[PDB]
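Down below is the structure, laid out as structure tokens.
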Ligand code: HEM
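Residue numbers (the entry's author numbering): 1 to 153.
Shown next as structure tokens:
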């Protein structure tokens, strides 16, 4: 696809839409995760011991917000510059995932959970050209974190 000026404009616009409702989009995102894969629950400190996904847990919200921010920032950086840049933060991210027991086959779980989350977020504006734009940005960012986990292990 690339990342035409016209595609990037379409990711920005759809991220602004996501941030606009963190407690919803973030608890949604954790349920689409547990639907695709239920066992994933024991991994998360704030989900252990619970029977259901807490809806107002600040620990969970702050956690899932930081996740989507990082995908969007990736798309713009691809249209301007042509790439996704690896920094300290992406590296520390790779360590914590490993401590907690996370693996690569967990990633399509979270991608489908994010495309389905953004198709749910943009509704009728959805275009091929947009799906094509977030797919390219997640795929490009996951490539980068998987790379750093492997390195934290
Ligand atoms: C591009 C994709 C991904 C991004 C951008 C991302 C980002 C993050 C961030 C930023 C943190 C730490 C947040 C904090 O300090 O508050 C974190 C923690 C964690 N991540 Fe991910 N993540 C990704 C994929 C995954 C996958 C595929 C899994 C597996 C299900 C996973 C499981 C976890 C767990 C268990 C923790 C620790 C939570 C704790 O017990 O408190 N992540 N992630």
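For each residue, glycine too, the CB sits at the ideal point set by N, CA and C.
Not one heavy atom of ligand 1 lies closer than 7 angstroms to the C-beta of residue 18.
In the DSSP assignment, residue 48 forms a beta bridge with 50.
Going by DSSP, residue 58 is part of the alpha helix (DSSP H) stretching over 58 to 80. Between residue 144 and residue 75, the C-beta spacing is not below 8 angstroms. About 16 angstroms separates the CB atoms of residue 131 and residue 141; that is not less than 8 angstroms, and the two are not in contact. Only residues of its own chain outside the window of five on either side were considered, and among them 3, 8, 84, 136, 137, 140 have a CB closer than 8 angstroms to the CB of residue 78, listed in chain order. Residue 152 has its alpha-carbon roughly 28 angstroms from the corresponding atom of residue 27. Excluding the 5 residues flanking it on each side, residue 33 has same chain C-beta neighbours closer than 7 angstroms at 40, 109, 110, 113, in chain order. In this structure, ligand 1 has no non-hydrogen atom nearer than 7 angstroms to the beta-carbon of residue 11. For residue 94, the uninterrupted alpha helix (DSSP H) run begins and ends at 88 to 99, by DSSP. Per DSSP, residue 21 lies in no alpha helix (DSSP H) segment and is marked neither H nor E.
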